[PDB]
Enquirer: 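Provided herewith is a single structure, encoded as structure tokens, for subsequent inquiry.
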Amino acid sequence: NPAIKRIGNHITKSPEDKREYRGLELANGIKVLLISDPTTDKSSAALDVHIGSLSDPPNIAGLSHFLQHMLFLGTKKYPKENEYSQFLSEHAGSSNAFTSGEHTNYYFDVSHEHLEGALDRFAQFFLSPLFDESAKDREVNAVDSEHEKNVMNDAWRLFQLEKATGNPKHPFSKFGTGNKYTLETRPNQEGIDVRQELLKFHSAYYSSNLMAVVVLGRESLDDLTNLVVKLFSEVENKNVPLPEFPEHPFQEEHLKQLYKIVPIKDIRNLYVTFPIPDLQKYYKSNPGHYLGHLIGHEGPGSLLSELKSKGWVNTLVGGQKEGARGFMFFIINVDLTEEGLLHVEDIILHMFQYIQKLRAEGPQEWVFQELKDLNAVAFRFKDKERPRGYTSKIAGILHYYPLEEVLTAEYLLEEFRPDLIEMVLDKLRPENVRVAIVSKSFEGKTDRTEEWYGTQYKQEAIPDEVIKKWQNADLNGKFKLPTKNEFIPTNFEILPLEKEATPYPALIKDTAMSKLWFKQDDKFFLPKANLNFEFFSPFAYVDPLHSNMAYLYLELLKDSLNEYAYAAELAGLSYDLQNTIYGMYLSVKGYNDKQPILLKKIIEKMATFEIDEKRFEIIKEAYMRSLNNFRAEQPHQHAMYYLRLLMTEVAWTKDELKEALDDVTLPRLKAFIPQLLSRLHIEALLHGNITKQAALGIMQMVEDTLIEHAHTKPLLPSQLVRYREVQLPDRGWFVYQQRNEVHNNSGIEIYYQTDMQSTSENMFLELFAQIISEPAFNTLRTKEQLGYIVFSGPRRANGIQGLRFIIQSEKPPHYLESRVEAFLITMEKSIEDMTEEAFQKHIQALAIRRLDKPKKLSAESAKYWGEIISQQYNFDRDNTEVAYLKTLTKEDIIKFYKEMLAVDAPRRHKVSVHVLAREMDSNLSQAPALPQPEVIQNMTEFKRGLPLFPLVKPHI
Amino acid sequence: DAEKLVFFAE
Ligand SMILES: [Zn+2]
């Protein structure tokens with residue numbers, strides 16, 4: 001075959017991986033990975049072009065990103081604007097893309113039966129995109145709106161500010177996102193034809209020698225091979241040289257600098273950065289990984305430990321950060337407590353002391369060896385990935401590794417290279433440092449403004465005395481290298497499947513104190529388990545005060561176990577512990593082999609917990625900030641929040657929590673934990689490589705520990721109170737209106753409540769949702785350009801359900817609302833006119849979506865945990881509900897629309913949350929006339945004036 | 001511990 005330059009050899013895979021692989025290089029220079037998995041419910045492809053923002057023209061910031069939007073909008077094999085995404089939608093698929101500095105990465109998934117159709121529509125993006133003129137004018141708004149969303153986000157502000165304080169002549173300085181000004185307004189003024197410029201960029205850079213493709217389906221390797229060759233050898237090779245950037249964006253003048261910056265949220269952070277050469281080529285020994293592992297360690301003797309003990313910082317991130325071909329960074333980043341902000345010079349001193357300890361001891365092979373072994377285990381035992389993410393990640397790394405080495409390259413670690421370690425470490429020095437501090441205390445004391453985000457800041461040289469006192473960092477006896485990691489798993493046996501192993505979880509214990517659900521894993525056979533526990537207590541959430549105390553206590557506990565648990569996390573054993581509205585959640589995941597040791601430690605600490613005064617004050621203060629900081633979350637996130645507050649029986653607001661928090665004292669917290677712990681019920685799912693007897697053993701010990709140390713006794717059945725959804729009146733329409741004080745965009749969520757969940761009411765709603773899904777995005781966003789964020793779909797809470805739209809926009813919510821209603825009418829007309837073939841396509845897509853099998857253990861646990869915490873316990877739900885779906889008719893869906901959702905439906909139940917932009921006042925399809933809504937004035941008054949739904953009835 | 005993409009949809 002003359003279409004294929006080369007077929008690759010064996011692709012090194014994990015032993016536990018049952019998928020089959022073949023790499024190849026097409027004659028046009030495209031790198032390919034084909035993945036055959038004959039069990040997959042969804043097939044997938046991705047293509048990654050090794051070009052991005054770093055190559056935008058200097059006078060059209062954002063071109064490559066914009067180009068990336070435009071490729072979705074028609075090709076002239078498939079000129080119909082939304083052909084691609086309508087096809088995926090009717091065949092259970094989904095798609096997305098991103099632009100980074102050097103890559104533009106596109107990907108989809110689709111039902112395994114429609115790979116070729118999906119793939120051929122996709123391949124056209126790369127042959128002849130339309131860039132239609134009127135679609136260009138529309139979609140620049142989506143881009144602009146995407147920038148708008150980020151403008152007031154602290155992380156983007158910082159990301160761009162770093163760019164703006166390095167070499168302005170360096171392409172690292174470029175603004176990558178684009179916006180209406182850079183894409184349309186400034187180019188019109190300059191006489192630039194943006195259409196030509198998209199085409200020119202695509203023609204110059206979308207070349208086959210810069211592309212990798214990955215394709216995953218049911219087909220054999222040979223068939224997938226034919227498929228790829230068919231669709232992609234047509235791609236032109238323009239022989240583009242790969243952009244390289246050997247000059248570091250930070251030169252001499254950009255070093256030994258201090259930046260003091262004003263954030264939007266009340267946060268205090270120190271960012272420390274050193275410029276470093278590109279380390280990518282050393283991937284085999286990865287000295288950057290090695291140094292990050294040490295500098296960023298969190299266990300005893302670590303730099304964090306000390307800083308945290310001094311009461312300076314709570315969290316720390318260390319290690320190498322990507323730049324581009326030719327440069328990288330090494331960062332050490334911390335949060336600051338109020339003392340920490342006064343002690344920045346000391347924090348940095350300590351950073352250098354720790355570094356100097358590494359210098360003094362030299363590189364440690366035993367450490368490198370432990371990283372190597374741990375990576376080897378993680379790779380032997382890796383979870384099977386979802387196809388979409390997997391094709392995308394892999395398409396990205398085919399640019400970096402020989403075909404044969406791509407599955408292994410980002411895991412396996414090979415030769416210890418003490419010498420490269422010293423070369424990197426030797427770049428980590430005071431003469432080489434950039435310091436940034438972020439804090440509201442610089443408000444009014446800054447003299448510079450970043451040009452794209454408007455970020456307020458100041459820049460100063462670090463004085464020579466400071467650099468010198470840092471260069472003299474002596475050693476500090478509080479810094480030691482990590483001890484050997486004792487959590488490393490060593491028992492990997494898959495216990496054989498028991499005589500009466502069940503396919504769904506079985507209830508193997510049911511006492512007053514515990515309900516215990518158990519299933520031995522019958523699909524994955526990895527030495528791993530998931531242990532999930534819900535602990536109910538009425539005192540977790542009885543009142544704002546208490547709800548604050550539940551939270552604080554769990555934080556303080558995590559803070560206290562952190563040194564010990566970090567090791568465990570490195571060894572693939574982790575946990576999650578948080579307060580809920582019912583009392584506490586605890587989850588331990590990872591290799592089964594040492595789970596009981598960590599589990600036991602957690603329950604032991606939790607029941608015998610002694611609070612550190614200094615810790616308590618620090619964490620309380622961070623939580624206070626965390627509560628105020630909600631004001632700077634996105635308008636659409638505000639709308640979802642207020643709706644949850646409105647529709648739930650009991651819910652404390654951030655204002656209520658914040659008010660009640662000054663009253664939380666050390667002595668009341670100390671009294672709170674015993675009370676919290678004294679009476680409990682525990683519901684549990686243990687799922688994994690574990691046996692009935694071991695499960696009982698695990699549960700017994702959780703109990704015996706609580707019982708022993710906390711004297712815990714069971715709860716009454718009637719004390720086990722789940723909460724209700726507000727029941728909306730037939731034909732009611734309510735609006736709650738609030739303002740976001742930070743973002744100059746508005747948000748809205750509209751909720752059409754339907755009825756209690758049940759087989760039929762579930763599938764009516766889900767099918768309608770399916771039918772309107774891409775039309776909603778296509779109309780409200782693509783056609784009308786209301787905003788970058790446009791979502792629609794089912795809302796499920798507290799046993800009830802309904803259909804929701806969320807949108808964020810520069811347009812006022814009253815307007816968004818008429819548009820949604822207009823769209824609903826367009827949707828109705830569209831269902832009346834659609835063919836039976838089309839309708840069954842939708843049933844079929846929904847069906848595939850719901851039956852798609854879990855690919856890893858924890859996705860299967862999440863399904864069961866869903867059924868448990870919601871107390872519906874319907875483990876065979878997908879089968880029942882899909883059989884039922886298959887029965888539904890167009891006429892049915894219409895009658896349901898007509899009784900529940902249409903504007904003059906007898907049972908319409910509508911609530912809208914309107915969140916006004918910072919700055920706003922207190923052709924198209926025909927919008928219908930709407931009633932005067934009842935304006936909600938007070939959430940409590942609203943909840944009280946209304947009935948409450950029942951709770952849903954359970955199954956097993 | 002050991003150590004920015006613009007998307008088409010969220
Ligand atoms: Zn985008």
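Hydrogens, waters and symmetry mates play no part in the numbers below; they use all other heavy atoms, side chains included. Labels below follow one simple rule: chain letters A, B, ... track the order of the sequence lines, proteins then strands, and each chain is numbered from 1.
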Enquirer: Most heavy-atom pairs under 4.5 angstrom with chain B, which of A:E322, A:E146, A:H147?
Expert: A:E146

Enquirer: In Å and rounded to the nearest 0.5 Å, what is the CD to CG distance from B:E10 to A:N96?
Expert: 9.5 Å

Enquirer: Side chain, backbone, both or neither: which part of A:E139 has an atom under 4.5 Å from a heavy atom of chain B?
Expert: side chain

Enquirer: Picking from A:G318, A:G52, A:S100, which has the most non-hydrogen pairs under 4.5 angstrom with chain B?
Expert: A:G318

Enquirer: Could you check which of A:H297, A:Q68, A:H293 has the highest count of heavy-atom pairs closer than 4.5 Å to chain B?
Expert: A:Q68

Enquirer: So which atom in A:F777 and which in B:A9 form the shortest heavy-atom distance, rounded to 0.1 Å?
Expert: CE1-CB, 4.4 Å

Enquirer: Would you find a donor on one side and an acceptor on the other, under 3.5 Å apart, between the side chain of B:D1 and the backbone of A:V317?
Expert: no

Enquirer: Before giving the answer on side-chain contact (heavy atoms from CB on, under 4.5 Å), spell out for A:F98 and B:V6 the whole-Å C-alpha distance, their side-chain angles and the decisive distance to 0.1 Å.
Expert: CA-CA 5 Å; A:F98 59 85; B:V6 260; over 6 Å; no

Enquirer: So, using salt bridge (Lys or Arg N to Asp or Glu O under 4.0 Å) as the criterion, who are the partners of A:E298 when residues are at least two apart?
Expert: none

Enquirer: Can you say whether A:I331 sits under 4.5 Å from chain B via the side chain, the backbone, both, or neither, judging by heavy atoms?
Expert: side chain

Enquirer: With under 30° as parallel and over 60° as perpendicular, where do the rings of A:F72 and B:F8 fit, or are they tilted in between?
Expert: parallel

Enquirer: Which one of A:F791, A:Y788, A:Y106 has the most heavy-atom pairs closer than 4.5 Å to chain B?
Expert: A:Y788

Enquirer: So, using salt bridge (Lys or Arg N to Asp or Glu O under 4.0 Å) as the criterion, who are the partners of A:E370 when residues are at least two apart?
Expert: A:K484

Enquirer: Specify the closest pair of heavy atoms between B:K4 and A:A155, including all atoms of both residues, with the distance to one decimal.
Expert: NZ-CB, 3.9 Å

Enquirer: Taking side chain as everything from C-beta outward and backbone as N, CA, C, O, which of these in A:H69 sits under 4.5 Å from a heavy atom of chain B? Side chain, backbone, both or neither.
Expert: both

